[PDB]
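Protein chains in written order, with the numbering used here: chain A, 13 to 109; chain B, 26 to 155; chain C, 41 to 483; chain D, 846 to 931; chain E, 174 to 217; chain F, 8 to 519; chain G, 55 to 220.
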Amino acid sequence: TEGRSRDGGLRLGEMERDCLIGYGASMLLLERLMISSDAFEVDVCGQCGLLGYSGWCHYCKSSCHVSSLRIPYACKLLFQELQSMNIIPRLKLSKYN
Amino acid sequence: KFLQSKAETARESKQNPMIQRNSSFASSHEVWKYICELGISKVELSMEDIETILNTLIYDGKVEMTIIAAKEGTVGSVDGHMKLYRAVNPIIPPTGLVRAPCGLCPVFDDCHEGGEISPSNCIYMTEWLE
Amino acid sequence: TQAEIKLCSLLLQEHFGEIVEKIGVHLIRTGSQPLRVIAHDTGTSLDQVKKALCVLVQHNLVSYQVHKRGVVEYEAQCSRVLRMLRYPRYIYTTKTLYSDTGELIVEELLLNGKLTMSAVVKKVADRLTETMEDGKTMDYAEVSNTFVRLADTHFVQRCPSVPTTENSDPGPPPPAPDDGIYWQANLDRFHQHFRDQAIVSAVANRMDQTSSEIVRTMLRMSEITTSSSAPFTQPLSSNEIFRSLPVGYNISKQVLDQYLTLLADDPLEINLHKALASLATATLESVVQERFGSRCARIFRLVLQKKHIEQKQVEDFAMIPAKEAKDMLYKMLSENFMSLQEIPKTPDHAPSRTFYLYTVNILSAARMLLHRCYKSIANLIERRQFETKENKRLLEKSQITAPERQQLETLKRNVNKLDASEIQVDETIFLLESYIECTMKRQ
Amino acid sequence: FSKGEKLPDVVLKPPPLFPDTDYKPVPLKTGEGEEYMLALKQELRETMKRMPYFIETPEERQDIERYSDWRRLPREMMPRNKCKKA
Amino acid sequence: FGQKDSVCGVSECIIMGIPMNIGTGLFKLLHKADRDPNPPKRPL
Amino acid sequence: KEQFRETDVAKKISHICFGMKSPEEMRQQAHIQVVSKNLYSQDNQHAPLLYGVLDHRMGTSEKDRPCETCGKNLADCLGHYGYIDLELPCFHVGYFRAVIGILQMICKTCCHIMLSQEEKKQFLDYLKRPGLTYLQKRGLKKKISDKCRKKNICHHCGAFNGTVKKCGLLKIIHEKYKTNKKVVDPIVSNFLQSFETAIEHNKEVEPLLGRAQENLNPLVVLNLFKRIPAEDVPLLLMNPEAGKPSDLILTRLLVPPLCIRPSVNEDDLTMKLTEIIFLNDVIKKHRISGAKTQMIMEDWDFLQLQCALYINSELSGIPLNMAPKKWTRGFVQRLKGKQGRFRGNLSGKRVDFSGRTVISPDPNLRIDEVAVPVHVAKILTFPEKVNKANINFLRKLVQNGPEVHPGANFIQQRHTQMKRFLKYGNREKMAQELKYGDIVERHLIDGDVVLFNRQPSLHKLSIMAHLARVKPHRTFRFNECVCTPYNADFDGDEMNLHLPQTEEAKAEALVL
Amino acid sequence: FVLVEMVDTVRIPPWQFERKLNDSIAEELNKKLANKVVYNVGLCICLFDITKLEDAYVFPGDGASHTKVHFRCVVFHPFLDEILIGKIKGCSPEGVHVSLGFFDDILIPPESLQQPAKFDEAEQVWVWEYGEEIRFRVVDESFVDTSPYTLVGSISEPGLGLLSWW
DNA sequence: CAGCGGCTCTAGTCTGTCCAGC
DNA sequence: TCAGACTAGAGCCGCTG
RNA sequence: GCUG
Ligand code: SF4
Ligand SMILES: [Zn+2]
Ligand SMILES: [Zn+2]
Ligand SMILES: [Zn+2]
């Protein structure tokens, strides 16, 4: 939330982001701007590249290609605002190796 | 003015002399009637209870211009004021038919594969196959 | 034309195989593509692509030519692949115009693609003798007589000279003496002859029986002297019409001359441009008759009368009420038959304008219904694709309980109702495609 | 609220329908050939086989398929009844 | 255009929550376990 | 007995491929069809309707009422889509400028692309080369359009192909029948040759026959785009596995899950969807009523405008008799802007384990140290994992508990994710039951690496890591030698503090 | 029985860094692939050998060590030509149930092919007369997950004669 | 003598304008 | 509020045939 | 609106 009245918390702006890049601090930038804000998991079907739910893909009517991806929630939100605009972000996922 | 009228009752009455067609033999030209159709329109058609016994050519010709769109004869010489060649001929259908049950359904057009309206299980071909 | 490509995926799947479809249908989707590029994009091994193109060049579906790079780019003609749908109809009119021998001539010419004379007469000497009485052997000389008899009326034309490029290999295409020269069938001659049946049925079922026969004998004596690209037939005199009449007729010259000036002056109009243009609208009108009743078909013929005079007369010129009529217009609009309001000239205002007038455009309503009929046969074959794999248990039992046999006769009622219905929509394709080819310049 | 009830309909029934199996008599001739050539096009030389089945099978063994009058006289006539182009 | 986006870049790594390549992300760490790769096989 | 299954398929994102859904893939994702305009039932029970928007088959946005599709709460649920059927097609406002581009490249009469065979081969060769950049593809598309825009007759059908251009907000016009000082072409003359009856009843039609031109519209361009050959689709630079020309015009529309648009002020995004549903019902009623085409066109224009406003509320060319009285967030307005998802929620975001206070000097601290007040230190906790080196240390911290400063607020068991709030219970029992692998959320103590930052940052030295030391007074305090990097001046200045919650984040903070 | 070469990404948690990898992977992989039928593969049992073990990464999260492991594991998969020897752990009237000795009680023979004195009449009659042998005949496995058994067999008994026991 | 074409020029339009707190 | 560097148009004249 |  936004501030002191609402026990809101503090903002890591676009300028503080530019500072941390210049230190090469890749994991701290991941901790601050993902883990301690909006960490989430989505089911992604590797066949159609769309998001699914509960390990089920309604588009394919199958259960075998679905996988879990660690994603910021604001990006999941973006990936559902864009589909309603009919801009489809079809993902492709490799293994983490 | 006559909006409270069913000309669909009168479309068969201006059709049934053109279905029978005595002397279909080709002994001559068979230049065929439009004036006798105006003649049968004025005095008496097949029987029907009609409120508009007044006979104007401007209110009676209009049933023809619908029935040309129901595949009946074109106009030959209506450029004359009352009486000229006026050739006519009832057109029998120039083709057979060409469709199928799947040509009828608009919403069933959507499908493209096994989906919610997939044709591997449609109701319409299941109905047609008995 | 994605539904067209839906059929070429379906037509090759049932006839030859699946990879000859896949490499086939990909070549329809990506065009002028070399041998290595096709095997890399479809994910197919190069040994199977060489075989699949070998079958595809045999049945004349994929044509090869090199221009600049010294590497041959194969190319598949799309509209040839759909002519496989008409294949049993191509058999039948060689039975009405030739015997059982020549009907089998166009059959194995359509089946095995490229044939020499030395093979195809040797094959029908097997098939026709095995169905005739042993000891009463069919003599092959009559086959060679009817073989050329097809060619003098030009129903069978020869293959264009082979490029013989280095990349192309001569040994693989022939399937294993004399060499000879190869040919396919002249199916283009059929599309004249199928049109010859189309116009003679258009006149006989409209004008009179004696009117159609003089159209037939006009067109039967104008076969070699024209082509399919002829805008109309070669002009004839009426004196050779009396010479070319069949012996069944006995009509005097002057009475048929009255019918000759009768048949020359019609709304139908031999103008081959106007003939397919008038036959296509009846195919349109038989679809609205099929679908929206005679009442909406009555206003569908009304817009073919007046080009841009609409909605201030269509409530009057058919006398049907304003409520019942305006749902027929918008259903003819929403299904793209009524075309559109190409007359509005007031600037950028849906509310305030010079009143939008409906107008049928004959070709946009043609190309849609052809695209619809391409979609239609996709739903036909896929059902016959559906009902086949389940019932395979009881086909070999004859080769059995009461519901087991009853499923078979409801299958065989279904498949024969499907397969007959693939051909009845097929005659709508050619009747409209020949109209499509007649209005297409530079092709 | 006037339509807020359910999926419009499972299907929409058109009061007018298809005519028949149109051209009933004569397509008995074409209709058997539809099924005749399909019996012979599948059983032809111009087809492919599932060699992916045999590379899938590591169970190969012996005794299984996986392991295993034209009465005519000579003549020669070559006609150019056809085109002289392309 | 149907464009596919490489998630390699810095800004999309912060959006997607994956560690950026530059800085401490450029290299990988292996554990120096006491292991024998390609070990002796059991004969058939 | 049991079949093998992989326990936890964690994967890594390799790429995002953008694209568009066909109208019949939308129906395969969506769980329900939405048909009802009313948000809520009229009666006092305050339920939403079964087949309208706010239906809980599309998820939930309140803990009071669970989702219907998966029976799970707000915290557990990803959300699910519905769809609206549209009775007439509409332009998608994001794709509209691309719709015109295709119609400038394709022949309007047979849907083939207007290029010479050699030109098509050259463009295909350019597409074939590997390593093509996105900029190169955009440049190639411009070249293909320019060559097409210079041809006026199709090589394939022969029909004339005049200019396609915009003619007002979401309307397209094509000069298929242009007029010239030279003798008029037969096709244009035939088009206007004899509308005598129309001329008799319409005065405007007779004077300027040339002005009337082909009004392209969604019912036509959807029928063209179904007929474009799939061989010619790659030359429009559309990737044929991400979308088709047919998908641009939309006859269907997805409605987002409820968690995209939460139930509380009073939600108006649902009202925008309701207006589209209401218009579709009204248009169907007008067709049944046999209303005039101009009335149908106006209703259709309103439906196109509402769909365009729903995707983007910032359109320039809206007529005065159609302009919104109030401003509303479209999808584009919540993506763009400083408060938009890209900058407000993604590039810069609010973080937890953070604090802020007035700063004041303390020269008796070292330059690497910062004084943290006890009130912040009791709140800002660090999760210390229990192991052999710290077990006896963390026990004493667990015993002190939340109210004494070297203490702990929470304890968490090895394979469990709920947290025991250590204010209750007997802490001397919970200290004895510490196991290795438990997490003790101890208070911030002396020697924690803590980030320290003034609000405007012009360089990297504006945020640095300091070793915390706890002191009683409320301000943050540091040695005045470090005032020059922060540009701090102790005149009621405030500074931010962040406590990195991870061992890897301590090391990167401390060393770098 | 047949060897099956398999590849897995085996995660060793960091409190096992004392033990050697090739042993401590093997203790994990036995807990991953024992008593579990793999679809189209067969019933995994244990670990034969680790044929190739590649280098131990450690990822930006876990702090554990993830070694991609090539190995060979012995599995149970009859070859459609095996005359096995089991025990009747059950008799149903539609067909007998044989079980391989403490291996898997999931082999269910249909019984239509032995000598024309065949019925199981629910009073546990094995066969109307004239260790138990078995001919495993078909492979049949069904993948279980379907919404938000599995190697069953069909087992025959032809005219073997069975000289020792009838 | 006439027609492409690029130049050249209006001018039209949409696109930004620090970080954060209360 | 203040550009601002894109995107079509209107031409223009003069060779380009 | 003001503080930063
Ligand atoms: S079968 Fe397939 S195509 Fe034919 S109607 Fe039903 S859905 Fe439409
Ligand atoms: Zn999927
Ligand atoms: Zn849910
Ligand atoms: Zn064209």
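The C-beta atom is built at its ideal place from N, Cα and C for all residues, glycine as well.
Looking at the unbroken alpha helix (DSSP H) that takes in residue i, where does it start and where does it end?
i, result
"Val195/F", "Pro193 to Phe198"
"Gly878/D", "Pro872 to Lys886"
"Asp19/A", "It is not in any alpha helix (DSSP H) - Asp19/A carries neither H nor E in the DSSP assignment."
"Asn279/C", "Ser278 to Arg283"
"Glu207/F", "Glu203 to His208"
"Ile900/D", "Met896 to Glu901"
"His505/F", "Segment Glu501 to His505 is the beta strand (DSSP E) holding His505/F; no alpha helix (DSSP H) there."
For ligand 2, is there a heavy atom less than 7 Å away from the beta-carbon of residue i?
i, result
"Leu105/A", "no"
"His38/F", "no"
"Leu62/A", "yes"
"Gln424/F", "no"
Quick check: the Cα distance between residue i and residue j, rounded to an integer number of angstroms?
i, j, result
"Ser103/C", "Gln301/F", "52 Å"
"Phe395/C", "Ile383/C", "8 Å"
"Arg916/D", "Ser158/C", "15 Å"
"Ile194/F", "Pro326/F", "35 Å"
"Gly115/G", "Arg82/A", "11 Å"
"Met304/F", "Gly71/C", "41 Å"
"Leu873/D", "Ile59/C", "32 Å"
Quick check: is any heavy atom of ligand 4 less than 7 Å from the C-beta of residue i?
i, result
"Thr323/C", "no"
"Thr250/C", "no"
Looking at the unbroken beta strand (DSSP E) that takes in residue i, where does it start and where does it end?
i, result
"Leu97/G", "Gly96 to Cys98"
"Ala475/F", "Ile470 to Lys478"
Taking 7 Å as the cut-off, does the CB of residue i come closer than this to any heavy atom belonging to ligand 1?
i, result
"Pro144/B", "yes"
"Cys413/C", "no"
"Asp466/C", "no"
"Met60/G", "no"
"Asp305/C", "no"
Have a look at the DSSP bridge pairing and note the partners of residue i.
i, result
"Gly64/A", "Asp55/A"
"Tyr104/C", "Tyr114/C"
"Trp57/B", "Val113/B"
"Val58/G", "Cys127/G"
"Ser119/G", "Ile66/G"
May I ask you to check if the CB of residue i is nearer than 7 Å to at least one heavy atom of ligand 3?
i, result
"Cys147/B", "no"
Those runs of the alpha helix (DSSP H) which lie wholly inside the segment 121-183 of chain F and span at least 4 residues: Within the segment 121-183 of chain F, the runs of alpha helix (DSSP H) at least 4 residues long that lie entirely inside it are, in chain order, 124-135 and 141-156.
Threshold first: 3 residues or longer. Then list the beta strand (DSSP E) segments lying entirely within the segment 49-102 of chain F, N to C. 89-97
Only counting runs of 4 or more residues, tell me where the alpha helix (DSSP H) segments fall wholly within the segment 71-144 of chain B, in order along the chain. 82-85, 87-92 and 126-129
Continuous alpha helix (DSSP H) assignments of at least 4 residues falling wholly in the segment 111-178 of chain C: 118-121, 127-136, 140-151 and 157-171
Only counting runs of 4 or more residues, tell me where the alpha helix (DSSP H) segments fall wholly within the segment 55-90 of chain C, in order along the chain. 59-70 and 75-81
Just list the beta strand (DSSP E) runs in the segment 359-430 of chain F, keeping only unbroken ones of 3 residues or longer that don't cross its boundaries, in chain order. You should have 361-368, 376-380, 388-392 and 415-419.
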